[PDB]
């Protein structure tokens, strides 16, 4: 019902380095075209958290807007990576990949984007952990997002933040204490500036609406950059008009209007409650990982 889900905040770049052969429709994602790195995020029933905050950035978008850094190394060569630590981290994370993908990406324990990739003519197995060659396969040109998450820019320092969960020995690759039930649990997490992955007992989010540029979707459908729209008390490259939210902060002309700007439902600054403090995270998401808990 939202016709502007493909009108992305920031640059809207949904490609991964090395796989640039879908740039026509992924750089940027926009109204027209299909993008194998992005479209799966809008399949109803899948990625519910992102679909509730769909006007925030995807992981690839955050990376290309310099909000999230790339892991070092940026990828794990699954064909020959057995025994390496990047395969170790990926293996504790229960994931499902659809067929025909040669890459999948995720936010790792250091709060950086990592990926697993397969050599030419190979695709990821269903668990996203290995590679196989299917003789009848039309391979995608993008990377599959492994986690249900969303991102935003933030300067809020999270250096003193760390994972704290009641009676948990280990969560994913994080050993919280010395120690036991063991199970695959869907754990929420957040990443903050200068922090690592912070797993959470509970996901407590609140959204503060605002009139920042990323809270608006503009069109001429064809996307339009709001930076050309003059603020109230300013001038710009073009002339614009919008809804009540837009006109409260921008100069609405309503005559010779080059673009129309609406307020994006599901934008604004998200804040998360971590150990009784509200903080502004860089990314927030869910992932299915091994959790070991104390019976005692």
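Positions refer to the first chain, counted from 1.
Deposited sequence between residue 126 and residue 127: no residues lack coordinates (chain continuous).
In the deposited entry, the stretch joining residue 179 to residue 180 is interrupted by 1 to 3 residues of the deposited sequence lacking coordinates.
Across the two stretches, 43-51 and 227-235, the PDB entry reports the greater mean Cα temperature factor for 227-235. Between 23-31 and 255-263, the higher mean Cα B-factor belongs to 255-263. The maximum CA B-factor among the listed residues 269, 59, 240, 67, taken from the PDB record, is found at 240. In the deposited coordinates, the residue among 217, 191, 146, 86 with the greatest CA B-factor is 86. Per the PDB record, residue ranking by Cα B-factor puts residue 222 in the middle third of the chain. Residue 15: CA B factor in the lowest third of modelled residues in this chain (values from the PDB entry). Among the modelled residues of its chain, residue 4 has a C-alpha B-factor that falls in the middle third, as given in the PDB entry.
Among the modelled residues of the chain, residue 204 sits in the highest third by CA temperature factor in this PDB entry. In the PDB entry, residue 197 places in the lowest third of its chain by CA B-factor.
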